[PDB]
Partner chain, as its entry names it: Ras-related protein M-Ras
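To begin, one chain is listed below as structure tokens, in the form solved without the partner chain.
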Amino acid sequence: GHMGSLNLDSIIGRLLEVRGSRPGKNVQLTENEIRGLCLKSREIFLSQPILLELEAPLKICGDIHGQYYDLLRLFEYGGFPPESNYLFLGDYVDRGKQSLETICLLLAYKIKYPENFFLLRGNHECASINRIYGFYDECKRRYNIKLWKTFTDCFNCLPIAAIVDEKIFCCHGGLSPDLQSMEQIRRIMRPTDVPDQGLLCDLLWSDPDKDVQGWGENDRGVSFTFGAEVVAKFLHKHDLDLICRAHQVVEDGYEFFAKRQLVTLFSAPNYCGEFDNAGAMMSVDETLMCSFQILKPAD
């Protein structure tokens, strides 16, 4: 049928072709194909709110970090779009071997199913970070530096948080001492880079820590840790039930905090060959009952 300038259906077909291949095989799109994905998804991102208000049913996913074949397993097990609705929490690139195929498939599904597929910004969707941790090198090796800058301009337009049915608050990192009204998130203008401190930084960088009472300093060198009492007060003040975030590897692929007031999701099993963790996604049905679908390494 009608092709379209983006050649989108062909791109998705070639990305999904390697479902039947030995893991590790590259999918080498053209530069202009990738730029098209960046420019159209950028326009879609800016046309939707920076604080996404979503309905269940929905499957929520944590970090992928370029583990493209684990992304394909997640879709194969959870259902390929639009069979399921998806919200990813960021950290698509860096650390893994195939950040390119990973982000390209994600951007392509964003364009294909723009009301049923959602991507938040993680702290690695940031030039100062993915310059160092792998994505820049991958872009330079398989394409050129200009394409990396095109990705950066796209990433600068990613939305930052989501609220599911007024009850589950989702972001990549966590809470902020400056987050007092949801309007403060809505007022963040795009495109923006990630600052080294402040609200946008903490939403992408902060971590829960049961061993701190309120706010602690974060081992990552930026942002904060926050204790169980901070979570309880935040949920109470905003009439929320749950914080759903990612950003930290967890042995089971999901991990509860503060009497299940917070869950951490992480969707890259055997994280960059250094850990022996499972990857998981959280299925949220229309009653807001939450369960987990897990990819568990055996070998």
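Residue numbers count along the first chain shown, from 1.
FYI, the form deposited with the partner chain bound isn't displayed, but the following is about it.
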The partner chain contact at residue 191 in the deposited complex, heavy atom, 4.5 Å = yes
Do residue 229 and the partner chain share at least one heavy atom pair within 4.5 Å in the deposited complex?
-> no
Partner contacts in the deposited complex for 215-230 (non-hydrogen atom within 4.5 angstroms of the partner chain) | 215, 216, 217, 224
